[PDB]
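Heads up, the chain below is alone and in the form deposited in one PDB entry; it's given as structure tokens.
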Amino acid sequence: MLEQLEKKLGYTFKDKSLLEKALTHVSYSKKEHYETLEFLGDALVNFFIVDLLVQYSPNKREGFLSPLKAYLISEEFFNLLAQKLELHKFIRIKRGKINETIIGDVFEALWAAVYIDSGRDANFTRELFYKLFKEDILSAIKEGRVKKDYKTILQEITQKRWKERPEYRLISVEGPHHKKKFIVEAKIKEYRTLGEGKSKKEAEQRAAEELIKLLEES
């Protein structure tokens, strides 16, 4: 089964016990699972992104690069790099069916496995990772698709003008449990907006977006 992934990955695993381990959720096999490779994989991949970022950025200033890094190492962006490999079909998982958290953890653990299996060659694993995603990463930046952080953008403009911060207050929580939706107000001076999501923090994000809209004509 792994052979199809190894074609996409373009790498033949010498020890297949690792590749299986990184693909296995603890609900499948308790004693063998991706947990420890996800820990190694993060620091490994987060290093790749930053290393790539410092090389190809016209502006190398830390203030410019760090928020750009914040999105590229995010779990959501890892889910997009996973779509290229179609990871959701390769995972061994039983209960707690696949979601963006599980995928991002496998993707992190996946590269740690390659690092280990190659005999801890960081230089090669880097270029193998680059081979796949280098253009894809440079794509999003050059073509300007980067998840915009609205709660941050908002409060920076409000403090720019009135030297104050927007206030996010809850309205209601609606749904049975995990289907529950949050409704949150966002207020700056005389302006109020709304937003919603599966969490408070998410509901505060959409409300923050609608609020930047609300000051245009202002």
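C-alpha atoms forming the largest set that superposes within 1.5 Å between two forms make up the rigid core. Residue numbers here begin at 1 and follow the sequence given.
Averaged over Cα atoms, the B-factor as recorded in the entry is higher for 93-101 than for the other of 113-121 and 93-101. The question of which stretch, 24-32 or 65-73, has the higher mean Cα B factor is settled in favour of 24-32. For the set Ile188, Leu154, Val50, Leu40, the PDB entry assigns the largest Cα B-factor to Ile188.
Residue-level temperature factors show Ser172 in the highest third of its chain, judged at the C-alpha atom. In this PDB entry, the Cα temperature factor of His88 sits in the top third of its chain's modelled residues, the highest group. Among all modelled residues in this chain, the alpha-carbon of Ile183 has a temperature factor (C-alpha) in the highest third. Among all modelled residues in this chain, the alpha-carbon of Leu194 has a temperature factor (C-alpha) in the highest third.
Missing here is the form deposited in another entry; even so, the following discussion is about that form.
Core-superposed comparison between this form and the one not shown: the C-alpha position of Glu164 differs by no less than 2 Å. The Cα shift for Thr12 between this form and the one not shown, taken after rigid core superposition, is smaller than 2 angstroms. Shown here is a form in which the CA atoms of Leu154 and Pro67 lie at least 3 Å farther apart than they do in the other form. The Cα-Cα distance between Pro67 and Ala208 is shortened by 3 Å or more in the other form relative to the form shown here.
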